[PDB]
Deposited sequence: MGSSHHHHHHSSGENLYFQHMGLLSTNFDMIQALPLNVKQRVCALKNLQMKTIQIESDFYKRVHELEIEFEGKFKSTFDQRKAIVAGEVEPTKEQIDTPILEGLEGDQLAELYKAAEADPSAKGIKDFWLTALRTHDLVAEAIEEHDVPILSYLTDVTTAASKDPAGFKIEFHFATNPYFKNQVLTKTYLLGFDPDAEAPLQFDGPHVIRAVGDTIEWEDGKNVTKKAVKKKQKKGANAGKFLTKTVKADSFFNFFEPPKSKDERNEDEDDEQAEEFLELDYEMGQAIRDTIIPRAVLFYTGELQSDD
């Protein structure tokens, strides 16, 4: 939406409109605000629908966590599901013959690390010094709330030499109402605030900070700046939100498709 009306694509046509026709356009602008208000109620119902479906998704996500952690064994029906699709003529058989079973290998190692770094947007945020930290990721979950309106993403870490936290939490507070100061701009839920999490780093493991020479501490590039959210700092919030949306909406529901790399981009 272009707030500067003089930059409107059809401004010259609007300016030339007779006055009585201009006032009809003014009525449509007023009606447009009412349409957007109804849209705001629609998105609120969808948000409640997403909350309602957490209980329905929960058992498939729980079983995936147990499989990844090695806490339950695949069934006969699960073994009979092809690991990849579109393999013809003994290709699937040879795939299963490529590596003998290893009883020392438990669960699926580096499942979430592999899934996160195969998504192109999240891969850009993952630096090399984040890779061994994300190896300790055992689960990634998300839940939404009605009051305060928003959602969180939680990253569960096994005991690791990098930080003491078991769970790193990222929370987004969302606004579902149109801005009363700019009602025509509303195009869905928008971020009011992002709340991160204090990471209890062990000595010398904080890859998110580095000193520069007076001596001052500055931000270093790392995925774990996801948990310390903020002129152009407002776009940085939008990029942070877009990464949060990708994890919640795309990666978490289809994690194994990113683990295998069956989901691809061509941007």
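Mapping the modelled residues onto the deposited sequence reveals missing stretches at 1-17, 231-242, 260-271.
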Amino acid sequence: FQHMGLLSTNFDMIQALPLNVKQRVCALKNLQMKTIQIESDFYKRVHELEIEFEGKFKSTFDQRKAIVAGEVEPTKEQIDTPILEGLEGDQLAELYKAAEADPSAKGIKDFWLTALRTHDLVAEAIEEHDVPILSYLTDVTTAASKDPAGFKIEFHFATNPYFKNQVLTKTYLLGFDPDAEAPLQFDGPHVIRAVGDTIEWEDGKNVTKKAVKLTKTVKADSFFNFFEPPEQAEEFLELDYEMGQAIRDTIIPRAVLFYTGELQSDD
From here on, numbers count along this sequence of modelled residues.
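Each form is matched to the other, and the largest set of C-alpha atoms that superpose within 1.5 Å is called the rigid core.
Where the structures in 5 other deposited structures of this protein are fitted on the rigid core, 179-187 is the one of 179-187 and 111-119 whose C-alphas sit farther from the shown form on average.
Between 79-87 and 144-152, the larger mean CA deviation from the shown form in 5 other deposited structures of this protein, after core superposition, belongs to 79-87. The records show that residue 208 is included in the coordinate set of every other eligible entry of this protein, so it is not omitted in a third of them.
For the pair 232-240 and 65-73, the mean B factor over Cα atoms is greater in 232-240.
Per the PDB record, of the two stretches 258-266 and 4-12, 4-12 carries the greater mean B-factor over its C-alpha atoms. Highest CA B-factor among 132, 196, 89, 175, as stated in the entry: 89. Taking the PDB entry at face value, the top CA B factor among 32, 60, 225, 215 belongs to 215. When all modelled residues of the chain are sorted by CA temperature factor, residue 140 is found within the lowest third.
Residue 79: CA B factor in the middle third of modelled residues in this chain (values from the PDB entry). Looking at the C-alpha B-factors along this chain, the one for residue 98 belongs to the highest third. In this PDB entry, residue 245 carries a Cα temperature factor that places it within the middle third of its chain's modelled residues. Remark: residue 158 belongs to the lowest third of its chain, ranked by C-alpha B-factor as recorded.
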